[PDB]
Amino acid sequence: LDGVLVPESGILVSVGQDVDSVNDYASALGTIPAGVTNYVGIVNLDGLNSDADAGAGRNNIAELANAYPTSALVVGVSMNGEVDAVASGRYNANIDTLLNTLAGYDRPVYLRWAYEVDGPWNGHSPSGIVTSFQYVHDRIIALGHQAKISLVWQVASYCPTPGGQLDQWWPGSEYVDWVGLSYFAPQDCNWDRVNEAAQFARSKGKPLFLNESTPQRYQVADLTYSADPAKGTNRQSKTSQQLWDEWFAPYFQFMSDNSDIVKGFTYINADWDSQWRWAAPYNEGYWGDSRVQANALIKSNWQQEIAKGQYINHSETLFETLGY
């Protein structure tokens, strides 16, 4: 796809990853985000045309798209543990409806198909990922939606999964418009996973989207950090400048260090602790509170950074800038 829906220059600023947290961000920052992010499952299309709230914030792409009619949509599509049945065609009617629905919004859509392709917890087979990316990239063309829907192959870039295993998941450059990654606690392995994902994207000639990012294990309102990924115990006080310097400055530095390929990010701005999947007593890891508006210094510094001219923010020229 040769730069289609990929900005020639600049980094798309998007926010996620549930309707309410995105509305709260837009309210608190007094801004219309350039891109907004939700999730849907392919088995039920849960979250596409009506509310789906399963403990990770409310998803409703119809509501989101009406609330932000001149912002890009970013959509994570879960395989719901069924990628092999998806690859064998059992959900093909649902795929068409998903693609036709998203194309009916007449705006740039970034589709993270089977996001975190190499996260073992997603139950994926390499075959099912390679086949289904082929099928979906081709179906976008068959349905006539290739000017509108950009297909993102997003890895998990998660330190406990060993490096050097990305090739088995790759469907081929002809079937991928962007590579994506997750930027949470890359310091746990010296940035090795996120750097490996970036260098993979670079080697394939694809732009890079940081599709999931948050100061994982930090609390912005409380100003704390924990080294405990499972339960968030023995929380450490941080100053707000420390929390900026420890997570936010390196996050933006990573984008500069990879500025040949980085063309978008999604910042997840949420009180994760308020959402039951991510809440105490932490059955699915410790996440924290990533709301930049919950600290004045973090909020100022955030707004000051993303207003800079390497970032693509919302304006009347946004869709043109993104290649729509």
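Numbers for residues come from their place in the sequence shown, where the first is 1.
Taking the mean C-alpha B-factor of each stretch as recorded, 101-109 and 115-123 are not equal, and the higher mean is that of 101-109. Of the two stretches examined, 136-144 and 92-100, the record assigns the greater average C-alpha temperature factor to 136-144. Which of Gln242, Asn195, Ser226, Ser150 has the largest Cα B-factor in the deposited entry comes down to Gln242. Between the residues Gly180, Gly81, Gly128, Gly164, the entry's highest C-alpha temperature factor is the one at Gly164. Annotation for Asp222: C-alpha temperature factor in the middle third relative to the rest of the modelled chain, per the entry. Split the chain's modelled residues into thirds by C-alpha temperature factor. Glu305 is in the highest one. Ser237: CA B factor lies in the highest third for its chain, per the PDB record.
Ranked against the other modelled residues of its chain, the C-alpha B-factor of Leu48 as given in the entry falls in the middle third. Ranked by C-alpha B-factor against the other modelled residues of its chain, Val15 falls in the lowest third.
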